[PDB]
Structures are given as structure tokens and as C-alpha cells.
Amino acid sequence: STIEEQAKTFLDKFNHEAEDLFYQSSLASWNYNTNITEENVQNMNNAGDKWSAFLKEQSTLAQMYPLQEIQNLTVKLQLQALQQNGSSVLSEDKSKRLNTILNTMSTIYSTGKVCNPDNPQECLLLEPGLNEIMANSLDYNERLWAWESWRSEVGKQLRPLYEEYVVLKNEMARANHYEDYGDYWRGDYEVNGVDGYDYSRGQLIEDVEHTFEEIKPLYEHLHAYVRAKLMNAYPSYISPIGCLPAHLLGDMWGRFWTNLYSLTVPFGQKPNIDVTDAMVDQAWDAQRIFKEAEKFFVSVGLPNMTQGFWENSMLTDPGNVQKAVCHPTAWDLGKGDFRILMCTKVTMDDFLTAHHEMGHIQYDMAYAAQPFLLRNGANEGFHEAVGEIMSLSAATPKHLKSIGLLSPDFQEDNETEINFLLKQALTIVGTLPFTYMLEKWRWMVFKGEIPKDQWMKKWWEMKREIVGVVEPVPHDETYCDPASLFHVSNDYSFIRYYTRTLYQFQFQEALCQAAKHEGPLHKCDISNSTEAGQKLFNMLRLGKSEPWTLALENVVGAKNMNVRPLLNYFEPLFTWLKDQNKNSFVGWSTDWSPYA
Amino acid sequence: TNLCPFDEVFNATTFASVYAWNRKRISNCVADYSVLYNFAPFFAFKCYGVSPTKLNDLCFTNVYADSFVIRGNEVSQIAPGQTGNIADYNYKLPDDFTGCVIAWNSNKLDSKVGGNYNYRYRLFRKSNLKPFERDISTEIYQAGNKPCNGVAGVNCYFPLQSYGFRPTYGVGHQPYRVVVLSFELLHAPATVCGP
Ligand SMILES: *[C@@H]1O[C@H](CO)[C@@H](O[C@@H]2O[C@H](CO)[C@@H](O)[C@H](O)[C@H]2NC(C)=O)[C@H](O)[C@H]1NC(C)=O
Ligand SMILES: *[C@@H]1O[C@H](CO)[C@@H](O)[C@H](O)[C@H]1NC(C)=O
Ligand SMILES: *[C@@H]1O[C@H](CO)[C@@H](O)[C@H](O)[C@H]1NC(C)=O
Ligand SMILES: *[C@@H]1O[C@H](CO)[C@@H](O)[C@H](O)[C@H]1NC(C)=O
Ligand SMILES: [Zn+2]
Numbered sequence: 019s020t021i022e023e024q025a026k027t028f029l030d031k032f033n034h035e036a037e038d039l040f041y042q043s044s045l046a047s048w049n050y051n052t053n054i055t056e057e058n059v060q061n062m063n064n065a066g067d068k069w070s071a072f073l074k075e076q077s078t079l080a081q082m083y084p085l086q087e088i089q090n091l092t093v094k095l096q097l098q099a100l101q102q103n104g105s106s107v108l109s110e111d112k113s114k115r116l117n118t119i120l121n122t123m124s125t126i127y128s129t130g131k132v133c134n135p136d137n138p139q140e141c142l143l144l145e146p147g148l149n150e151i152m153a154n155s156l157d158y159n160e161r162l163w164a165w166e167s168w169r170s171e172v173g174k175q176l177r178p179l180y181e182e183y184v185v186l187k188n189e190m191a192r193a194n195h196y197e198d199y200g201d202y203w204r205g206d207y208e209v210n211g212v213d214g215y216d217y218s219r220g221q222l223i224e225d226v227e228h229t230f231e232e233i234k235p236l237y238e239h240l241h242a243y244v245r246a247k248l249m250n251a252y253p254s255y256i257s258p259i260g261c262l263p264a265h266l267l268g269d270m271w272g273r274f275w276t277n278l279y280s281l282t283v284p285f286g287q288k289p290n291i292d293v294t295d296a297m298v299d300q301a302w303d304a305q306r307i308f309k310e311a312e313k314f315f316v317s318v319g320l321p322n323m324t325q326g327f328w329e330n331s332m333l334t335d336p337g338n339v340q341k342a343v344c345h346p347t348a349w350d351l352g353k354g355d356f357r358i359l360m361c362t363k364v365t366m367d368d369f370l371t372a373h374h375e376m377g378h379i380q381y382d383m384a385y386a387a388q389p390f391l392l393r394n395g396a397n398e399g400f401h402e403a404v405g406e407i408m409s410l411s412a413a414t415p416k417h418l419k420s421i422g423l424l425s426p427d428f429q430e431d432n433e434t435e436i437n438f439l440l441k442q443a444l445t446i447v448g449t450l451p452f453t454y455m456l457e458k459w460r461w462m463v464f465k466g467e468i469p470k471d472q473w474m475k476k477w478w479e480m481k482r483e484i485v486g487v488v489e490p491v492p493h494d495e496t497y498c499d500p501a502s503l504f505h506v507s508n509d510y511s512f513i514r515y516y517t518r519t520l521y522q523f524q525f526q527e528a529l530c531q532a533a534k535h536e537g538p539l540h541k542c543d544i545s546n547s548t549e550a551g552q553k554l555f556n557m558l559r560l561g562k563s564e565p566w567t568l569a570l571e572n573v574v575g576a577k578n579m580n581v582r583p584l585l586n587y588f589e590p591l592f593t594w595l596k597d598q599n600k601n602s603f604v605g606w607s608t609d610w611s612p613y614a
Numbered sequence: 333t334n335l336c337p338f339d340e341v342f343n344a345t346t347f348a349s350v351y352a353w354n355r356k357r358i359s360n361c362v363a364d365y366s367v368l369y370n371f372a373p374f375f376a377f378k379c380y381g382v383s384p385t386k387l388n389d390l391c392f393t394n395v396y397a398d399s400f401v402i403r404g405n406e407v408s409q410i411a412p413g414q415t416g417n418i419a420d421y422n423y424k425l426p427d428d429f430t431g432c433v434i435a436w437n438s439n440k441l442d443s444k445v446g447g448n449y450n451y452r453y454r455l456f457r458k459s460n461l462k463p464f465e466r467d468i469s470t471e472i473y474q475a476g477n478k479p480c481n482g483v484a485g486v487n488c489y490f491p492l493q494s495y496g497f498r499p500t501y502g503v504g505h506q507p508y509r510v511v512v513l514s515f516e517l518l519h520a521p522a523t524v525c526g527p
């Protein structure tokens with residue numbers, strides 16, 4: 019009996035107990051999110067505390083099977099994911115400080131409120147009080163109020179916490195043998211022991227920056243074009259060679275530019291494709307929406323939704339008195355129980371999201387054969403991108419025409435395609451410099467390159483240089499404007515959103531090529547292509563049991579993340595942007611500011 | 333003369349854990365195999381060596397109605413020359429097995445919203461099961477090289493695990509009530525007959 023065989027048996031007992039407990043934790047969380055009551059709250063806390071205590075126990079019994087003497091990479095990957103210590107490596111005092119700070123910051127953000135200056139009685143939460151102003155208001159000072167107050171009320175409180183958050187999170191990483199917290203986060207992409215498919219953690223930074231270089235010309239043209247339209251709607255405020263003020267970007271931060279479609283639409287006369295009205299006329303409900311989604315995956319060769327999926331999922335708001343969290347989520351409870359919790363209305367947005375979340379379910383069903391610890395996306399960015407490419411094909415004029423939601427007498431002209439691409443680029447291309455710069459700032463904070471008295475100074479330096487976005491009000495080192503974003507004050511790695519973006523276009527470009535689509539990549543519909551579904555599936559079924567680089571190659575034929583499919587998808591918009599920006603300045607200056 | 337108690341093996345209130353597969357030896361009665369359908373959601377009737385079509389034509393020395401419960405995924409394991417946790421360590425069928433396999437989904441009966449931990453299988457065992465053996469031993473299984481001293485612990489895992497059939501489970505994890513009908517054939521008078 020070697021130690022590899024003891025680990026093989028240790029994981030076997032684990033895999034059967036972990037499946038049982040995780041099923042109780044998932045079913046307890048499902049009951050809370052579907053029925054919120056104070057009694058359901060209590061049981062989600064109990065099962066989630068038994069599962070958190072069982073995992074904590076099993077890790078210690080696993081550190082006794084050295085990874086060096088284990089050679090089967092599947093067994094190594096399970097032990098490595100089980101041997102994680104994390105907060106445990108910190109003292110029972112520091113491991114309690116960190117859990118307090120994470121709890122306090124998560125409560126400061128979510129419960130963070132700012133009250134009217136003229137009316138100190140009227141207050142607003144971020145959602146849906148200030149997020150509502152950022153998306154839909156088109157005033158200047160009303161936007162500047164919410165943008166500043168959120169960062170000065172919520173952000174300033176978070177600043178001392180984030181300083182202690184950084185210190186302890188580093189000590190957690192430096193005791194699991196990582197350089198810093200950012201290095202610990204980059205361990206998601208790491209691969210060791212598989213020659214030709216290895217991937218170091220430092221390679222991610224080289225990849226992310228090198229790829230972003232190729233994004234730059236497209237972004238500089240989308241930025242210049244967006245600036246010109248924004249300069250005509252805020253005439254006295256926006257310079258023709260300067261950065262966009264941080265509050266005029268569509269949301270509280272500028273993460274997505276999707277709300278600027280009203281002010282930036284190229285051919286606003288030409289309408290947007292909105293099949294919402296057509297769904298009402300044909301008497302569609304949520305049942306039909308997911309059935310049409312189930313039909314889409316069957317057409318590419320994927321299995322139909324499990325019989326349990328239709329019996330237990332929540333496809334409409336129960337409404338009345340039974341309340342719920344309506345955030346669309348896909349649930350892999352395990353043991354063959356798959357479920358979607360979606361408060362669906364009969365609109366086009368929910369039609370596409372149902373395709374997106376069911377893509378998650380199809381991914382989950384695929385690797386359901388794998389061992390417990392390996393049931394996940396190849397890396398973090400895989401799972402979201404597998405759902406995103408579903409909404410890419412499903413929203414195309416082809417798929418809408420083939421399902422009877424768009425009449426075949428509707429004709430696509432080169433202008434509605436430009437309208438389509440730009441609304442995508444505001445959402446997709448616009449978030450790439452935001453995502454890369456934010457995770458760069460946090461990465462540099464953890465490594466110690468940015469001292470504490472330069473936090474907000476280096477932040478807004480990098481927001482100008484990379485994002486091309488300028489703060490409307492100068493900030494000292496009492497603010498923490500990153501911490502005003504959920505993913506920063508709630509301890510979530512952010513580079514996954516950059517990698518997921520580039521992944522999805524690699525997949526969609528590979529799937530369409532297997533589907534023999536001819537034309538631009540943004541017009542493609544992988545429907546009915548069993549070859550495409552096969553190519554996707556042989557990555558879906560792998561789960562985490564393979565290096566993400568091998569998983570990526572099983573779809574797109576390349577071992578590494580690439581930006582060319584993203585550029586290829588957006589090229590018709592790119593050359594058009596190079597036209598509309600003929601007599602406009604392309605680029606920005608980092609020393610302009612609306613605050614003089 | 334009298335009817336073989338197939339109602340017993342096929343309609344009992346409780347069946348067995350597969351590790352303790354329960355056998356009702358059948359002899360000197362009349363076999364009426366056509367009754368074997370309880371209107372179940374997922375019914376399987378594979379037979380080997382014999383012909384399930386007109387099964388009420390062949391006498392046998394004995395019929396051994398081995399009954400138990402397993403989850404759906406493992407139903408395929410109840411078959412000659414299979415592998416997996418069930419057939420390796422719990423209930424093996426021989427190579428030239430001459431009988432029948434009859435299973436059906438039982439999530440209605442054997443599941444509970446809290447979880448039915450009554451049905452067990454055998455997760456670990458030291459040697460593969462010779463055909464039609466039964467290991468009802470609770471020997472604390474030594475996976476390592478230090479003796480386990482009859483007490484569980486490190487590399488001393490208890491050799492029996494529960495199923496926890498909950499109703500919200502999936503088809504491949506729901507409890508399935510298997511009935512094997514091993515048809516013995518010796519030189520004996522072969523008293524198990526009947527059209
Ligand atoms: C998680 O913590 C355990 C316990 O500290 C680590 O294993 C120990 O490492 C120390 C290092 O000085 C050794 O002296 C012990 O022999 C180890 N085993 C035990 C049971 O304590 C383990 O390495 C940590 N895991 C990671 C990934 O850092
Ligand atoms: C690793 O273990 C799995 C599961 O037992 C097995 O299928 C695989 O063959 C093993 N690895 C190698 C290289 O054989
Ligand atoms: C779900 O919530 C409702 C509130 O209307 C409550 O009456 C019901 O008991 C809850 N579900 C269960 C299983 O108790
Ligand atoms: C078996 O039991 C079920 C449920 O009690 C009953 O409906 C059925 O008639 C029984 N079949 C026989 C042959 O007794
Ligand atoms: Zn998603």
C-alpha cells in the first residue's frame with residue numbers, strides 16, 4: 019500500500035460524503051432563495067456550517083498524503099484542491115480579524131446609503147437608488163452627486179478596512195507559499211506537471227497585458243467615438259482630447275458603457291431588434307422560453323433538460339406572498355439535481371438570459387460524471403463564457419428568424435449591424451480596460467508596489483492612462499474608490515471577467531467554423547450544428563480534470579488565450595469607427611480634468 | 333401446484349441493502365413470469381442464457397429471487413462481466429449467468445425529503461466478489477499498512493456507506509429496486525416449472 023493508493027481511497031470516501039453534504043447545503047440554499055423566511059434562513063446557516071466544518075476537517079486528514087509521491091494527475095488535482103488551508107493558516111485571532119473585516123465591508127457596501135444634501139431625510143441605497151440614477155439620468159450634477167457621495171460615504175469608511183484587508187490577505191497567501199494575495203488569486207490559472215500544457219501564474223500578467231495591447235486600437239476608437247457623442251450632450255464639460263469623466267459612463271463606476279447606447283447610437287432612426295413584442299403576441303410564457311432554450315441545445319447534440327429540472331426549478335416569480343431572490347442563477351446541487359432560479363418576464367432580455375443560464379446547466383450536466391472536486395469550469399473564466407456564447411447565437415437575427423420571433427421580411431442592413439455591434443462594444447469592449455486596470459491596481463497593491471499614501475493617486479493615474487477615464491473630483495488617500503465596487507469590497511477576483519470575454523469569442527469563432535457559418539462572426543448561429551455541439555461538449559465534459567489550456571485547445575485548437583476572435587467579431591464596427599473618427603482625436607490626455 | 337411467492341420478492345414492504353442481497357429460493361411451485369410488471373417509471377428486463385420471451389416454458393432446479401436496491405447509474409452493473417462499486421464488492425453476477433435482471437425506479441417508496449440512509453452498499457473491500465457471494469462483514473477496512481484494531485480512523489474506513497435517497501435526486505441517483513432471477517439448472521428433478 020503506497021501513499022498514492024491511500025489518497026485514492028481517502029478521496030473515494032470523501033467523494034461520497036462530500037456529495038451528500040454539498041447536496042444538503044445546496045438544497046438548503048435553494049429553499050432560502052426560493053421562499054425567503056426566517057426559518058429557511060436558519061437552515062441555510064446550519065447546513066452551510068456543517069459543510070464548511072466537514073471540508074475544514076477533511077483538509078487536515080489530506081495533508082498526510084504528500085503530492086510529490088502521487089503521480090496520477092487526477093488524484094493530485096483533487097488533493098491539491100482539498101489541501102488548501104487559506105484562513106486556517108492564520109492564527110485563530112487573525113483568521114477572526116479577516117472574517118470580521120470581510121463581513122463589515124460586505125455590510126457597509128450592501129447597506130451603504132447616502133442622503134440628499136437639500137433633504138437630509140431622503141436617502142438612497144446603491145441599488146436601486148443610485149444605480150438607478152447612474153443608468154438612466156442624463157443630468158451632469160445629479161450624476162456627479164451620486165458618483166461622489168458613494169465614493170465619499172461608503173468608500174471612505176472602507177479605506178481603513180481595505181488597508182487591514184490587504185495586510186492579512188497577504189499573510190494568508192505568504193503562508194500558503196504564494197508571493198502575495200494577487201499571486202494567490204492567479205493560482206486559478208496555474209498548471210504544473212503536464213508538459214506542453216503548463217501555465218505559470220506570472221504568465222497570466224504577460225498574457226493579459228499583451229492581449230490588451232491588441233485591444234487598445236479598437237478601444238481608442240470606441241472611446242474617441244463615444245467621447246465625441248458625449249461631448250455633444252455635455253458640451254461645456256467634456257474636452258475633445260481628454261478622458262471621459264468617471265460619472266458619465268452609464269453606471270456608478272464605468273464597468274460597462276451599456277447605458278450610453280441612448281446617446282451614442284449611430285443610426286438612431288433604425289430600430290433595435292426587440293422580439294419582446296413578438297413574444298407577447300404568440301402567447302409565450304416562461305415555460306415556452308426555457309423549452310425554446312432546451313430546443314436550442316438539443317439541436318447541437320446536447321441532452322435535453324433533466325426531468326427534475328422542470329419539476330423543481332423556479333422559472334417564474336412565485337409572487338404574491340412567497341418572496342425570493344430573483345437574481346438569475348443556475349444550480350448544480352449534485353446527485354443529478356439541476357435547477358434554474360429565474361424570475362422570468364416575457365421579454366427578450368430574459369429569453370437570452372435563459373439561454374445563458376441553461377448553458378451553465380449544460381456545462382454542469384456535462385462534467386457531472388467527474389469526481390466531486392473536479393466538477394467546475396476548466397478555470398474561472400470558462401463557465402461564464404460557455405453561457406455567454408449561448409446568448410451570442412440565440413440573439414442573432416438568424417436564430418430569431420428561425421424560431422418565428424422575427425419575420426423573414428425583416429431585412430438586416432449594414433446600419434443595424436453597426437447599431438448591434440456598438441451596443442455590444444459598449445458592454446463588451448468597454449469593460450476590458452476597466453477590468454484589466456482594476457485587477458492591475460489590486461495586483462500592484464498586494465505585491466507592495468503601490469504604497470498606502472499612493473493608493474488613490476495611483477488608482478486615478480491608471481484610470482487615466484489605461485481606461486481613458488478621469489475623476490470629476492480630486493481624491494486624497496482617505497477614499498477607497500475600488501472598494502466602492504462590489505467585487506473589491508467583497509473579495510472577488512476580477513481578471514476572470516477579462517479572460518471570460520476573450521474565451522467566449524475564441525469558442526464562438528471555433529464553434530461557427532465547425533458549423534460552416536459564412537460571413538461575419540457576429541451573425542453566426544450555432545443552431546442545428548451537431549459538429550459544433552460535439553466540439554464544445556468534449557471540453558464541457560472534462561471539467562477541472564484537465565489543464566484549462568488543454569480544455570481551451572479541445573475547442574479552439576490553440577493552447578493559449580487569444581484576442582484575435584474578439585477583434586474579428588468586432589471588425590465591422592472597428593473599420594466603421596475608424597471612419598466616424600476621421601476628423602476626431604483618437605486617444606486621450608492624462609492631465610486634463612473637469613475639476614481644474 | 334401453488335404460486336411461487338413472486339408477490340413477496342416483487343412487492344415486499346422493504347427489500348434489502350445490496351451488500352446483504354436477500355434470496356428467496358423458489359422450488360416446487362408454478363412460475364407465471366408474465367405477472368412481472370408493477371407499472372413503474374423505468375423498467376428493465378434484460379435476460380442472459382435464457383430467453384425472456386416466453387420465459388414460462390423452462391423448468392429449473394431452483395430460482396433465486398435476489399432482491400436489493402441501488403441507484404440508477406449502477407443498475408447496468410447488475411449484469412455479467414461488469415465493473416464498479418456494486419458488482420466488484422457488493423453483488424457480482426458470473427460470466428455465463430443464466431437468468432434474468434429486473435429493476436425499476438422506486439423513488440416513490442424509498443426516498444424521503446430528509447434522506448433515507450437505510451439502504452447501504454459496500455464502498456471498499458479487499459478482494460473482488462466471487463459470483464453470488466455476500467460480504468455482510470463489518471470488518472474495519474485497512475487501506476494502509478498499520479493494523480486497524482477493529483476501530484475506524486486513518487486508512488481504517490468503515491466498509492459500508494449509505495445512499496441517502498432524497499426525492500429531489502436525479503434519475504441516475506434515485507433508488508431502483510432490482511430483482512435477479514438466477515435460474516439454477518442441476519441434474520435434480522427441476523421442480524420449478526409452470527406455464
Ligand atoms: C496546511 O497546514 C498544515 C499544518 O500546518 C501543513 O502541513 C504541515 O506543514 C508543516 C510545515 O512546517 C510540517 O511541519 C507538518 O509536518 C505538516 N503536516 C501537519 C499534519 O502538520 C500544510 O502544508 C498546509 N497546507 C498548505 C497548502 O500550505
Ligand atoms: C488515474 O486514475 C484514473 C481513475 O482510476 C484512471 O482511469 C487513470 O488511468 C489513471 N491514470 C493513468 C495515467 O493511468
Ligand atoms: C414557504 O413559504 C410560505 C410562505 O407563504 C410558507 O407558508 C411555507 O410553509 C414555506 N414552505 C415550507 C415547505 O414550509
Ligand atoms: C403491489 O403493491 C402495489 C402497492 O401496494 C399494488 O398497487 C399492487 O396491486 C400490488 N401487486 C400485486 C400483484 O399484489
Ligand atoms: Zn452566468
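Just so you know, the protein sequences line up as chains A and B, in that order. Everything in the first sequence is counted per the authors' numbering, starting at 19 for the first residue and increasing by one. Everything in the second sequence is counted per the authors' numbering, starting at 333 for the first residue and increasing by one. The C-beta atom is built at its ideal place from N, Cα and C for all residues, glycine as well.
Requested in this report: Under 9 Å between beta-carbons, which chain A residues line up against residue 294 (chain B)? List them in chain order, please.
Outcome: The requested residue 294 (chain B) is not part of the displayed model; chain B covers only 333 to 527.
Query raised in the report: What first and last residue would you give for the beta strand (DSSP E) that runs through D350 (chain A)?
Result: 347-352
Requested in this report: Using 7 Å as the cut-off, classify the Cβ of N61 (chain A) as near or not near the heavy atoms of ligand 3, replying yes or no.
Outcome: no
Query raised in the report: Relative to ligand 3, what is the chain-ordered list of residues with a Cβ closer than 7 Å to any of its non-hydrogen atoms?
Result: A:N53, A:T55, A:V339, A:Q340
Query raised in the report: Of all the CB atoms in chain A, is at least one closer than 8 Å to the CB of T470 (chain B)?
Result: Closer than 8 Å: no.
Report task. Consider the Cβ of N117 (chain A): report whether some Cβ of chain B lies at a distance smaller than 8 Å. Result -> No, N117 (chain A) does not count as interfacial toward chain B.
Query - Assigned secondary structure, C141 (chain A) (DSSP; H/G/I helix, E/B strand, else coil) - result: strand
Query - Three-way DSSP call (helix, strand, coil) for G260 (chain A) in this model - result: strand
Query raised in the report: In or out: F338 (chain B) buried (at least 16 other Cβ within 10 Å) or exposed?
Result: buried
**Report entry** Nonlocal neighbours in the same chain, by C-beta distance under 7 Å from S167 (chain A), ignoring five residues either side
**Finding:** Correct list, in chain order: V132.
Query raised in the report: Excluding sequence positions up to five away, which residues of its chain have a Cβ less than 8 Å from the Cβ of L455 (chain B)?
Result: Listed in chain order, the non-local C-beta contacts of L455 (chain B) below 8 Å within the same chain comprise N417, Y421, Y489, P491, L492, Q493, local neighbours out to five positions each way being set aside.
Query - Near ligand 5: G399 (chain A) beta-carbon under 7 Å from a heavy atom - result: no
Report task. Could you tell me if the beta carbon of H373 (chain A) falls within a distance shorter than 7 Å of some heavy atom in ligand 6? Result -> Ligand 6 is absent from the structure shown, which contains only ligand 1, ligand 2, ligand 3, ligand 4 and ligand 5.
Query - Residue-level contact to chain B via CB, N578 (chain A), 8 Å cutoff - result: no
Query raised in the report: Looking only at DSSP bridge pairs, what is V433 (chain B) linked to?
Result: For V433 (chain B), which the question treats as bridged, DSSP gives the partners B:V512.
Query raised in the report: Considering only residues of the same chain and omitting the five flanking positions on each side of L116 (chain A), which have a CB-CB separation below 8 Å?
Result: Hits under 8 Å: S105, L108, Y183, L186, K187, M190.
Query raised in the report: For the stretch 480-491 of chain A against the stretch 435-455 of chain A, are there 3 or more C-beta pairs whose distance is under 8 Å?
Result: yes
**Report entry** Buried versus exposed, by CB contacts within 10 Å (16 or more), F28 (chain A)
**Finding:** Buried is the label assigned to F28 (chain A), since at least 16 other Cβ atoms lie within 10 Å of its Cβ.
Query raised in the report: What is the DSSP secondary structure of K386 (chain B), reduced to helix, strand or coil?
Result: coil
Query - Test item: CB-CB of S459 (chain B) and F497 (chain B) under 8 Å - result: no
Query - When A:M408, A:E171, A:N290 are compared against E433 (chain A), the one with the closest alpha-carbon - result: A:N290
Query - Neighbourhood of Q102 (chain A) by C-beta distance below 8 Å, restricted to the same chain and skipping five residues each side - result: Apart from the 5 residues on each side of it in sequence, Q102 (chain A) sits with its Cβ closer than 8 Å to the Cβ of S77, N194 in its chain, given in chain order.
**Report entry** Residues sharing a beta bridge with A376 (chain B), DSSP
**Finding:** B:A435
Query raised in the report: Between the stretch 368-388 of chain A and the stretch 554-574 of chain A, do three or more beta carbon pairs fall short of 8 Å?
Result: Yes: at least three Cβ pairs fall under 8 Å.
**Report entry** Residue from A:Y158, A:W69, A:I21, A:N58 with nearest C-alpha to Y41 (chain A)
**Finding:** A:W69
Query raised in the report: Do you know how far the Cα of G446 (chain B) is from the Cα of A443 (chain A)?
Result: Going by the C-alpha atoms only, they are around 49 Å apart.
Query - 8 Å Cβ cutoff, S19 (chain A) in contact with chain B - result: The Cβ of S19 (chain A) sits closer than 8 Å to at least one Cβ of chain B.
Query raised in the report: Per DSSP, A533 (chain A) forms a beta bridge with which residues?
Result: DSSP lists no partner for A533 (chain A).
Requested in this report: Label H519 (chain B) either buried or exposed according to how many other C-beta atoms from any shown protein chain fall within 10 Å of its C-beta, with 16 as the threshold for buried.
Outcome: exposed
Query - Positions along the stretch 436-470 of chain B whose CB lies within less than 7 Å of some CB in chain A - result: So the list reads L455, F456, given in the order they occur along the chain.
Query raised in the report: Is there contact here, the stretch 400-415 of chain B with the stretch 506-514 of chain B, by at least three beta-carbon pairs under 8 Å?
Result: Yes, the stretch 400-415 of chain B is in contact with the stretch 506-514 of chain B.
Query raised in the report: Anyone know if the C-beta pair for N51 (chain A) and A153 (chain A) falls short of 8 Å?
Result: no
Query raised in the report: Would you call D609 (chain A) buried or exposed, if buried means 16 or more other Cβ atoms sit within 10 Å of its Cβ?
Result: exposed
Query raised in the report: Among the residues of its own chain, which have a CB less than 6 Å from the CB of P583 (chain A), if the five just before and after it don't count?
Result: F523, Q524, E527
**Report entry** Short CB-CB distance (under 8 Å) between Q493 (chain B) and chain A
**Finding:** Answer yes: the Cβ-Cβ gap between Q493 (chain B) and chain A drops below 8 Å somewhere.
Requested in this report: Report the rounded CA-to-CA distance for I513 (chain A) versus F464 (chain B), giving the unit in angstroms.
Outcome: 56 Å
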